[PDB]
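The structure appears right after this line, and notes come after that.
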């Protein structure tokens, strides 16, 4: 075998002797002789000449085996060899340029990689193309924890990609591989406790059994069976956490309980027998909720539908609950019922649905008859957190909610389709009131309820800060593999999830889904693949 | 590594010793061992066999690093190595021939490159094809400033390019790369003050922040947000500067002021209360303007629309201004109003719009009521240079101007679509009179006003002479790179800008535009690319 050493090799082990004798310097060790996978990027026909497709800074992490060895060593020095395995086709054309940009030069649109010392990679190349990144460093070694100035490896489009067919295929995958060079070394062994870049990548929170096993939504605690796209956009802010340590809304991530103490109660009719109890409060009276004052913790963020009489309302959010008096509260025995909660205006007269939370008032009307009706001014509610959907007859209404019924607070980031990508929404089979036995079989299509993001993701995002873990303008992409196809699923800086379905409103079933796999950050201009089983 | 020396190598350093010892002659210097980018040309399927695609004369400039080193050296001698990296495809066919034509032979259509000593370059070649241009010179060295007779490198079509598909892709990009040969040298070090070809290429005047940042039009001082093509052609001559140091029109490039002293004034009606003041002068009475006598400096070159009564006219050019008496002028206090200016015939009776400036008369009619109306024969105007567009109601009329309303002087060069290319026109969002709050958001589409060329280009072209900087029959091409595509934009010998959209009238938005890049001269038969985001 032949392992290529760097140009600055003899002065690299010489000046890194301030760390003592070099460690893991044995050239017959396999982890130093073989190339191993590092990354995959995508080269589309929409890429301009001169545009940068791949960028990596010099670091052991670029190799899977020097990233393992760097957690026991407090320092490194030496180069790294990169290989480029274009998937390609013999009908595609266009070249790439790869050059090692020295420290002190910007990496941006104005950079002319073609006038650096470079290597050229064809779109139809069989053998992989190799370049060596030396360790052109001003520090004498890079301590793992603050490495210093490093060279950068930049792939740029030389000639733009052409496909002389037309549609269908428009992007080529290029696989980066990585081997240490002959003068790479480690110094100053440390305890494996912890160190290195002191941040967490957003990769391990979304694993395999989150979609084909356990895993729940943000609205009901239902098992995820589908992703359904929406074209045009939607907004959710209840249990939706963005990539920083913040949210815009109430409802801490737990389906426990809804409890409110102060608010008015009423019932219609002159007779206090077999009526519908109606409870109301304004927005901003929730003193007990430490996150947001606009609602009690666990209140559903849907718009109230105006219904009257004995008719069961279509769609909506009902939950089992009771009303309790204040002053060391013991609830009334003769009122426990299913209640539909929501947001209205003009209570208790002409009730209209509301879109914005400001200027709205929370309402709670019973759907079934109750033999007693109270009207005391201090009163509250106690409603379980998990809910069901009220329906007039069986059949199947629609997936609930629609994108227009979902209430938003002021200052909320909205999902927008960028390119051919479109946002998705996670579906779950939920029980209903028109048919309790809604097993997923025959007797009409079962009801689907859709939340924004998976809860495991909400729990694992709430604690950690990811302000630099994903570079804005891109999304982190996972690779779902079914039994007869595969798909790419993205995750932006706002917590939204993307798939490149385009203008389609068809539910995608995770029945035959097997495994997922991290890839990394990838820009929003690249279309996520849709090679499904169909 | 191996660097190939020339055939006339031993007699090249020998006869260039009249300059003394050779400089930058060190073969281990990287700038002499690596190939670097020089140019890109395009090989279309419309190219005949024998037709010349690429031509370069022998010069250090052909290399990015000997062009840097030539500004400190007053002389050079030796060869240069060229490489040809065809982007290609495995489905394309056809060959090229590259030969070094000696001095004293013409470079034209009758030249048979295939019977010179040549190299053959396939359309589907993976490895680059190398040729060496020796320094076959009659002078003993080439002083930078007057080099003398040089050999020329000519690429010609051997077999014409075939695509056995049909449409879509019809052109291949070929990338020229360049390395100095072993006997290249510099002599007689000079001060870096300045020298070399003593002219400026038209490349640095159109840079990145001219389109996604600062940058204004020739009609209003509005920020450029779009390019819109027109099929059929248009003519503009007001602040439109061609590639020489000349123009055909008035209005020096500055939005300062419009001031005219002599000309007649009138108002209709027997009552001198709440009338529309109307001022007129003939074409050719502007003594104060040193460029052209046909107009005052800053007068808008649009055709007057005939309107009467209290109706606000559709389209047009209005500006805020007042009338002033002569003989050490102090203006009248009781007449300051918005005025619509323009060109008419048959004033003050039957007013008709005019196309040609000869035989026309400049008119200036108020659109709003004014409590005093003068009729003195010596009177003038003072109108601000920046203008707005008068509109009856809100909505959106059209982009203004249309190609037919624009007045031309006699002797004006007209834009014509050549091939599939078509001319473009730079758009800007301008304020209107029907809606002052024309922020680019909701409440109908905002009004777009279109000028001919960017002002930075007018300022940077006015001073310098470019009579040989662009070879006629071609255009200089820049490479715009968006977030999801790219485009080629040309610039001819007449100041017009071209894009290869074809027969389309759709506005192209520079919202996602990032960077531009110079390429060079490219002929008019080559279609500029349109790989946009759609």
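Test each condition in (1) assigned to a loop (DSSP other than H, G, I, E, B); (2) over 34 Å from the mean Cα position of the chain (by Cα); (3) more than 14 Å from chain B (Cβ to nearest Cβ) for residue A:64 and report the one that comes out false. Going through (1) assigned to a loop (DSSP other than H, G, I, E, B); (2) over 34 Å from the mean Cα position of the chain (by Cα); (3) more than 14 Å from chain B (Cβ to nearest Cβ) one by one, residue A:64 breaks only (2). Screening the stretch A:417-433 for residues that are in a loop (DSSP other than H, G, I, E, B) and more than 14 Å from chain B (Cβ to nearest Cβ) and picking the one that is surrounded by the most Cβ atoms within 10 Å (Cβ to Cβ) gives A:430. Going by the structure shown, is residue B:379 farther than 16 Å from residue B:507 by Cα and in a strand (DSSP E or B)? Criteria met by residue B:379. Reported count of residues in the stretch B:97-109, each being buried (at least 17 other Cβ atoms within 10 Å of the Cβ) and either in contact with a helix residue (DSSP H, G or I) (Cβ under 7 Å, 6 or more places away or on another chain) or part of a loop (DSSP other than H, G, I, E, B) (or both), is 2.
For the residues B:230, B:210, B:225, B:154, the requirement of being closer than 30 Å to residue B:456 by Cβ and in contact with a helix residue (DSSP H, G or I) (Cβ under 8 Å, 6 or more places away or on another chain) singles out B:210.
Listed by position, the strands (runs of 3 or more DSSP E) enclosed by the stretch B:248-294 that each have at least 2 residues that are farther than 19 Å from residue B:348 by Cα and in contact with a strand residue (DSSP E or B) (Cβ under 6 Å, 6 or more places away or on another chain) are B:257-260. Being away from chain B (no Cβ under 14 Å), in contact (Cβ under 8 Å) with a residue 60 or more places away in the chain, out of contact with any helix residue (DSSP H, G or I) (no Cβ under 9 Å at 6 or more places or on another chain) and within 21 Å of residue A:121 (Cβ to Cβ) is the requirement here; does residue A:71 meet it? No, not satisfied. When you scan the stretch A:13-36, do you find a residue that is within 14 Å of chain B (Cβ to nearest Cβ), buried (at least 18 other Cβ atoms within 10 Å of the Cβ), in a loop (DSSP other than H, G, I, E, B) and in contact with a strand residue (DSSP E or B) (Cβ under 6 Å, 6 or more places away or on another chain), even just one? No, every residue in the stretch A:13-36 fails to be within 14 Å of chain B (Cβ to nearest Cβ), buried (at least 18 other Cβ atoms within 10 Å of the Cβ), in a loop (DSSP other than H, G, I, E, B) and in contact with a strand residue (DSSP E or B) (Cβ under 6 Å, 6 or more places away or on another chain). If you filter the stretch B:77-91 down to residues that are within 10 Å of chain A (Cβ to nearest Cβ) and assigned to a loop (DSSP other than H, G, I, E, B), you find that the one that is nearest to the chain's Cα centre (by Cα) is B:87. One residue is enough: does the stretch A:172-179 have a residue meeting the conditions in a loop (DSSP other than H, G, I, E, B) and either out of contact with any strand residue (DSSP E or B) (no Cβ under 8 Å at 6 or more places or on another chain) or surrounded by 16 or more Cβ atoms within 10 Å (Cβ to Cβ) (or both)? Within the stretch A:172-179, not a single residue is in a loop (DSSP other than H, G, I, E, B) and either out of contact with any strand residue (DSSP E or B) (no Cβ under 8 Å at 6 or more places or on another chain) or surrounded by 16 or more Cβ atoms within 10 Å (Cβ to Cβ) (or both). Any idea how many residues of the stretch B:511-521 are within 14 Å of another protein chain (Cβ to nearest Cβ), out of contact with any helix residue (DSSP H, G or I) (no Cβ under 6 Å at 6 or more places or on another chain) and touching a residue at least 40 places away in the same chain (Cβ under 8 Å)? So the count comes out to 6. Of all residues in the stretch B:57-68, those satisfying the criterion of being touching a helix residue (DSSP H, G or I) at 6+ places or on another chain (Cβ under 6 Å) and within 20 Å of residue B:141 (Cβ to Cβ) are B:60, B:61, B:65, B:66, B:67.
In this entry, residue A:303 passes the filter for residues that are in contact (Cβ under 8 Å) with a residue 24 or more places away in the chain and crowded, with 17+ Cβ neighbours inside 10 Å.
Could you say whether any residue in the stretch A:354-367 is touching a residue at least 60 places away in the same chain (Cβ under 8 Å), in a loop (DSSP other than H, G, I, E, B) and within 30 Å of residue A:271 (Cβ to Cβ)? It would help to see each step written out before you state the result.
Restricting attention to the stretch A:354-367, the residues satisfying the condition of being touching a residue at least 60 places away in the same chain (Cβ under 8 Å) are A:357-367.
Now narrow it down to the ones that are in a loop (DSSP other than H, G, I, E, B): A:357-360, A:367.
Pick out the ones that are also within 30 Å of residue A:271 (Cβ to Cβ) and you get A:367.
Yes, that holds for at least one residue.
Is the stretch B:495-510 home to any residue that is at the interface with chain A (Cβ under 9 Å from one of its Cβ atoms) and within 18 Å of the chain's Cα centre (by Cα)? The answer is no, given that none of the residues of the stretch B:495-510 is at the interface with chain A (Cβ under 9 Å from one of its Cβ atoms) and within 18 Å of the chain's Cα centre (by Cα). Condition check for residue B:94 on (1) crowded, with 19+ Cβ neighbours inside 10 Å; (2) within 14 Å of chain A (Cβ to nearest Cβ); (3) free of Cβ contacts under 8 Å to residues at least 60 places away in the same chain: one failure, at (3).
Being crowded, with 16+ Cβ neighbours inside 10 Å, within 37 Å of the chain's Cα centre (by Cα) and assigned to a helix (DSSP H, G or I) is the requirement here; does residue B:43 meet it?
In short, no.
Checking each residue in the stretch B:456-490 for being assigned to a strand (DSSP E or B), surrounded by fewer than 22 Cβ atoms within 10 Å (Cβ to Cβ) and more than 14 Å from every other protein chain (Cβ to nearest Cβ) picks out only B:474.
Being assigned to a loop (DSSP other than H, G, I, E, B), under 40 Å from the mean Cα position of the chain (by Cα) and surrounded by fewer than 22 Cβ atoms within 10 Å (Cβ to Cβ) is the filter here, so list the residues in the stretch B:312-346 that pass it. Answer for the stretch B:312-346, where residues must be assigned to a loop (DSSP other than H, G, I, E, B), under 40 Å from the mean Cα position of the chain (by Cα) and surrounded by fewer than 22 Cβ atoms within 10 Å (Cβ to Cβ): B:312, B:313, B:314, B:315, B:346. Filtering the stretch A:46-61 down to residues that are assigned to a strand (DSSP E or B) and away from chain B (no Cβ under 14 Å), which residue is surrounded by the most Cβ atoms within 10 Å (Cβ to Cβ)? Out of the qualifying residues, it is A:56.
Quick check on my filter: what residues within the stretch A:524-534 are surrounded by fewer than 17 Cβ atoms within 10 Å (Cβ to Cβ) and either within 14 Å of another protein chain (Cβ to nearest Cβ) or outside any strand (DSSP E or B) (or both)? Of everything in the stretch A:524-534, those that are surrounded by fewer than 17 Cβ atoms within 10 Å (Cβ to Cβ) and either within 14 Å of another protein chain (Cβ to nearest Cβ) or outside any strand (DSSP E or B) (or both) turn out to be A:532, A:533, A:534. Of all residues in the stretch B:147-171, those satisfying the criterion of being part of a strand (DSSP E or B) and either within 14 Å of chain A (Cβ to nearest Cβ) or within 30 Å of residue B:68 (Cα to Cα) (or both) are B:152, B:153, B:154, B:155, B:156, B:162, B:171. Taking the stretch A:110-146 as the range and being out of contact with any strand residue (DSSP E or B) (no Cβ under 8 Å at 6 or more places or on another chain) and either outside any loop (DSSP other than H, G, I, E, B) or more than 14 Å from every other protein chain (Cβ to nearest Cβ) (or both) as the test, the residues that pass are A:138, A:139, A:143, A:145, A:146.
A quick note on method: Cβ atoms are made from the backbone with ideal geometry, for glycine too, and the neighbour counts reach across all protein chains shown. Every number here is computed from the coordinates shown, using simple stated rules; none is lab data.
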